[PDB]
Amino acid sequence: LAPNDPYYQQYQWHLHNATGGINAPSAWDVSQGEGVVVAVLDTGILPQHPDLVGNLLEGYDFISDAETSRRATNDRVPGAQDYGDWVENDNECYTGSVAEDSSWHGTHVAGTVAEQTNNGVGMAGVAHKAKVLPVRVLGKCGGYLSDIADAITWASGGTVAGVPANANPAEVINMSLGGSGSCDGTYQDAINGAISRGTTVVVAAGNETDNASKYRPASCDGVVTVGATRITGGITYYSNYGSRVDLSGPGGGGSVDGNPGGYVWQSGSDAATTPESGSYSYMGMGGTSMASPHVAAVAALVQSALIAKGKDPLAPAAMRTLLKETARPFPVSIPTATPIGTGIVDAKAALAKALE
């Protein structure tokens, strides 16, 4: 499939480039992810973005701190509106932290997953007939372990006190987020609950040019930990690495690969602070955060194809083996000290194996 989105051809190398893209044109002839729900645990969402609306469920805001969520209370509320995660001053988040504009990070991630495609508007997405369930866990200066833990439980269909039952349990969870420290008992239990409910959990390896075993949920047992590659198919300068990384996806090499080839492109805003301070747009970003949703969306394409054929969806362990086993080996040498999994996720190879 060669869709008509205006900026797809020139910008979206991560979809279609022969050496760094995930072979989406060919996968899209088999599956677009219809019927599957991907939960995006992130900064929240711009719910009326015109290239997203239509593929979004209402979702939920798990941030239990008014100063972080920028809401009027510490409650968790229905809906996932991103209020903006800008930080006005250096050092507000921690000693050494730097002021920055709002990221609209979860709208970017959600676009990778399911940006409306072949609609004559903007950019494309991978699982463009799936639904995104947006679950806001990150705000000003980030988020809290126990909000992220609970969001996992709820997104995968488990019960969380104070939150109404999730009417749309997710086949896949994406976590384009992490922190310092190897996996703790709280994260692992939450992850374990999600797996026991049939949910595949896909996470970003992290961007510290460091061993993924030192970060979470990168280092947690049972998840699909995703490294970052360049348009060239080589490791990015920032990708974490190590035996915990299962495979990679396009993260964008950064300025070394220029504009547009250094960046992943999707739905966003140019707003600096609140949503109202700017307008809907398309942004280019780099990180393992951008690689992870490509993998999470491929998992969605596969569950959807299996169901469409009346076959049984894969359990989490099977899904992870499949993604790993069908990854395209790197077109450029990966340094021995920094392994980033079996290869670059290949949506078409993943589909061909699953379907027989």
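One-based numbering along the sequence shown.
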field: Entry-level comparison of average CA B-factors, 131-139 and 163-171, reporting the higher stretch
entry: 163-171
field: Which of 144-152 and 95-103 has higher mean CA B factor, as the PDB entry lists it
entry: 95-103
statement: From the entry's CA B-factor values, the highest among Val201, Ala114, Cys220, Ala205 is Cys220
- request: Could you tell me which one of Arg71, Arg197, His108, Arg230 shows the highest CA temperature factor in the PDB record?
  value: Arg71
- request: Could you tell me which third, lowest, middle or highest, the C-alpha B-factor of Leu177 occupies within its chain?
  value: middle
task: Would you please rank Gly157 by its C-alpha temperature factor against the other modelled residues of its chain and give the third it falls in: lowest, middle or highest?
output: highest
message: Please say which third, lowest, middle or highest, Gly253 falls into when its CA temperature factor is compared across its chain.
response: middle
task: Place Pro47 in the lowest, middle or highest third of its chain's C-alpha B-factors, as listed in the PDB entry.
output: middle
task: Using the B-factors in the PDB entry, rank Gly242's C-alpha atom against the chain and give the third, lowest, middle or highest.
output: lowest
